[PDB]
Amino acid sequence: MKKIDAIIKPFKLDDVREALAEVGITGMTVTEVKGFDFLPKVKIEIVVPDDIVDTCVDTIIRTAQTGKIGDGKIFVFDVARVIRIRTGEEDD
């Protein structure tokens, strides 16, 4: 699986959530951050299966972009293990 970090404009969060939900991604973690005096941003983190990474990245690009400055970046990371606390089950 991969972790996708998207740093976006705060008012683009509901756009991105809505569009991701359409391609079936709903679980996400959101952090308030400062982007560099600074601009408030939100950091979206979602961990998804490898075969939907492209769909997710593309979806975030399409929805979060304004064509203007400050639209933000997407960072994708390899994830070694994913464990559910409820059950102890590993990876997904």
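The first residue of the sequence shown is number 1, and the count goes up from there.
Coordinates are absent for 10 or more residues of the deposited sequence placed between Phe36 and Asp37. Looking at 63 to 71 and 37 to 45 together, the entry lists the larger mean B-factor for 63 to 71, computed on C-alpha atoms. Per-stretch averaging of Cα B factors for 80 to 88 and 5 to 13 places 80 to 88 on top. The deposited CA B-factor of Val57 belongs to the middle third of values across its chain.
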